[PDB]
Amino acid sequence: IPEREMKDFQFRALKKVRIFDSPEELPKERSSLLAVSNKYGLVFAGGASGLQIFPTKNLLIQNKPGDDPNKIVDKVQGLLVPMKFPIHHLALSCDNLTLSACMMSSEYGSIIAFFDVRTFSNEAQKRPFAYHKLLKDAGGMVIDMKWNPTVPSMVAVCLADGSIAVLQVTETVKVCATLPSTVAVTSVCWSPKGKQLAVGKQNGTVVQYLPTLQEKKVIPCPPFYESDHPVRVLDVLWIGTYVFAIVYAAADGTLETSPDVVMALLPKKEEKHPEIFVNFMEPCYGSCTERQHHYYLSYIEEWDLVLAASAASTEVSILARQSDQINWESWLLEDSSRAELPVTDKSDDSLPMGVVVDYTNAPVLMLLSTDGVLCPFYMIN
């Protein structure tokens, strides 16, 4: 609930780098098109223009005094791995050895290419090693996909139709457990240790499952949401065992309503105690209503804060936890020290399609704009 002026945190901007030509039209679908290997020091960015793999070094350039901060660096050396269809989702395994690319294709449907990251290490084929075909409809659109934080071979995939599958990849893709579209899953997140899986549902609950998909716990749809105004879970981040960031948005799927970011703290001795739900409302100010709602959440443990970014907003805001470690504040930063996405040549807002944090160089936040520009920032706490 509470804002507080932080004069001790800067997002210090680095040179923007163009990675793709500007689209003819604003992308509207839920996407996650940016990935970082902090192990091998790589950035992976995808789109309709194929898949690009950069050495993270090449993308992190600081502007010197005299440098027009608004200048966009022309292009940077990387590998181009041509893709038949537009990628909407990229994600790594936890051991950084497997990259998954979700493509949507009018003839085949939606399908996941799995790559052995080590292949990108060679000169001139660079084929994936498995393909998985999720769907033949716009229903097969992948809305959420995360790999297990402690189990390299395992990943949860979440479709537009509201169905989920847990997969194991080794020599091939093995489908371990699915749940049908009637379940209406809208989002997924692994527990910190990867022992359970959290799924956000169309009915605004979050259900904790074991990877086998045996139901362990249900997190109620907060009591302050009137039936009159139903919410679905949009995005969820399982931060600590009993601590969640659950984003809620209009159930009907309306875009006009801006979704709320909520820190949920769960009881241990449940019967009887209630859960604390602390609303942040819109921490990333919504300026667009064209794009599908999506909140990119990231937890920084070291600083005990979340970085939030919204599909509908040009700003990255911070939700930090107070020293009591029960409450959170939003921070307000000096105008010269914010991470906000640039305005396009056409005078338009550019919005995020991917967010990631590199440690291999300060930590660095990186955003990929709807304009195909990459915006990196040092973080100084």
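Just count from 1 along the sequence shown to find any residue number.
The deposited sequence places 1 to 3 unmodelled residues between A124 and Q125. Here 205 to 213 and 282 to 290 are compared by their mean Cα B-factor, and 282 to 290 comes out higher. As listed in the deposited structure, the average C-alpha B-factor of 297 to 305 and of 183 to 191 is greater for 297 to 305. When the C-alpha B factors of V261, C102, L197, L266 are read from the deposited coordinates, the top value falls at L266. Out of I61, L33, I318, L51, the entry records its largest CA B-factor for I61. For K75, the recorded CA temperature factor ranks within the highest third of the chain's modelled residues. In the deposited entry, the Cα temperature factor of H132 places it in the lowest third of its chain's modelled residues. Sort the modelled residues of the chain by CA B factor and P220 lands in the middle third. In the PDB entry, a CA B factor belonging to the lowest third of its chain's modelled residues is recorded for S310. Looking at the C-alpha B-factors along this chain, the one for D116 belongs to the lowest third.
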